[PDB]
Structure formats: structure tokens, C-alpha cells
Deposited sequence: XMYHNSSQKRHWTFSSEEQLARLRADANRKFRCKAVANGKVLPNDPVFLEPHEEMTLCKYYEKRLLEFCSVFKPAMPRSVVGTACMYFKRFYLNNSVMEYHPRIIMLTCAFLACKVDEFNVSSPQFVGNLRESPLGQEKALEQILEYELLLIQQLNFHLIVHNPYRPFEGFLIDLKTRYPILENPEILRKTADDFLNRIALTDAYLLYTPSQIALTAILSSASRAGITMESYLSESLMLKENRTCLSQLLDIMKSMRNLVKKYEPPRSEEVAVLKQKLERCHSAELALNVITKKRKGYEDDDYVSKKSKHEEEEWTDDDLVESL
């Protein structure tokens, strides 16, 4: 259950500023290690975040065409693993292309999606020797990924809460005649919320409900009565205020999201491979 989960206890943070602090610590600490070992070789934290967004997109479409078809719960778990790992680790120390594959590999085990290592690595477009070397790299990084997750492997995703809200709407909110037409636009909005840091800042239920109400607004249906009288928030007004503020803050995180620029990524990848060829 989310309400006593490790995700809620340890991996839901107060603000975007705190996440920025954690990533800044990671970048600073790798810089300190690199100077203590032996300049503009280093990536800035915003450069690391740009590369992390690019490689999260890469992880998404790796899972999208993965055969056998990967459940959405596994994909969400893997993306959450990626986000959590790079909160406290630098892409200059651990390459994101290996880490994203390791995240998918571990999420397949945690979510009980039985995949053999050969059929896992068969999904990469590489020569068989390259597949073997990728597999060896993943097996090298699997324990590291688990340690950096602090052995918190269960990830609570917004998908089942989304389904539960649809059930509750169909059963208890007749003035929304057919909640199912809200699905697609809500799902789209969920996919956008996932690109942001919201999964580290909000509960899965809050994320699902925000997606649903944003879909309703795109269809020009108001749902204030679902919150106030169905979820019974008209009896605890400060709860309604907090929930509305949470949803507005999420919508603004989606509004101010900036995808990695392709020229930006082209340059930053050269910098990253320079970092990893050296050191």
C-alpha cells in the first residue's frame, strides 16, 4: 500500500528545490572524486538533467518495443528507478545508457515479468557480441542500482489509481455521463507528468486525479462537485484547498517542462563520452 510504503516514506520529496540540491550534491561529489584522482570536461547539473531527460526518453521507447510486450507497471517502475538513481549519482560516473538498461532489467524482476536474460538482451539492436557485452554490463551494475535505490524496489505507479478513480466516477458521479472518454486525454497528460519530477514530489493518487481533472478541463467538464461532495472535501475545506493547490502545482510542472534540445543533446553526449573515455 502506498500510504505506508517506502516510496512515500523515502522517495517523495518536499520541493523541486530539494531535488535540485540532491542532484547538485551528486555532481559536486563526482567532481571532487575526479579532481582527487588526477576543467570544462565536467558536465553542469543542468547538463546532467538534460542528458537524464534524453536517456529517460530512450528508456521509454526501449520498453515500448520490448518483446515480449512489457506491462506498463514494469515501465513505470524502471523509469522511477532511473529518476531515483540519478538523484544521488552523476551520469559522469555511471553511464545512463547502461543504467537505463539495468533499470529495465531489474524492474522486470521486481514486477514479476518473467524474462530470460538472453531474450532481454535480444531487444537491443546490436551484434550478438555487443548483446553479450551489454548483458555483462547490466549484471555488473544490477547490485549497484539496487544499493543506490536503498533496496526500495516496490514502486507505486499512477495507473491503478487512475483505474480506481474511473470506477469511482462511473459509480458515484452520474453527472459525468461517460468518464471513459476522459481516458485518452488523461493518459496523455499522465505521460507528460511522467517526464517531469512529479513522480518524486506527489502521491500516485494525486497524479492520477490531476490527470483526470486536466482531461475534464480539456473537455470543458467541471468536476468540483466530485471533489467537494463525492470525495467529501466540502466537510474539510483546508483539505480541498491543499488538493487543489497540489493539482495546480502539478499542472504548472507540466507547463514549465522543457524537452532536451537535439543540438543540446548532440553536444552533451560528446561531452559525456569524453568524460567516460577518460577517467
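In sequence order, the deposited residues that have no C-alpha coordinates form the ranges 1, 40 to 44, 286 to 324.
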